[PDB]
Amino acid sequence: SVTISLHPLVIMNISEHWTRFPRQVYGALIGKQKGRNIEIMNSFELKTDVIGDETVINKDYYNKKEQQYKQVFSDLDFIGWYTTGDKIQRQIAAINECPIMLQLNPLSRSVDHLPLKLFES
């Protein structure tokens, strides 16, 4: 039971991240929240490195970007993660209309094995 207020800019960001691009993308959500009301207002891309068949989020880049975003959008915080990407699945994915997955208020802010953290659900 929750209310999400999702700004178009976020949809835009995620979609563009996916377009300019292993076959998943990942990022951070930023916004505000009070009780069960969550405003998702912005987001940034996580840089990854493929180590043979494994996608690894770049920890240092994440800490850097988060710092920056906090300096610039000082009324907002990290509120979670997004990810998106690749008969019927072939067609939806080839036209790029895969689901956007939004994980809000995860239990760790840790980016280590993030893909496996996310996909465990």
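Position 1 is the first residue in the sequence shown; the rest follow in order.
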*Just how many deposited residues go unmodelled from residue 21 to residue 22: none, 1 to 3, 4 to 9, or 10 or more?*
4 to 9
*Classify the number of deposited-sequence residues missing from the model between residue 86 and residue 87: none, 1 to 3, 4 to 9, or 10 or more.*
4 to 9
*Out of 47-55 and 67-75, which stretch has the higher average CA B-factor listed in the record?*
47-55
*Take the C-alpha B-factors listed in the entry for 12-20 and for 94-102, compute each mean, and give the stretch with the larger one.*
94-102
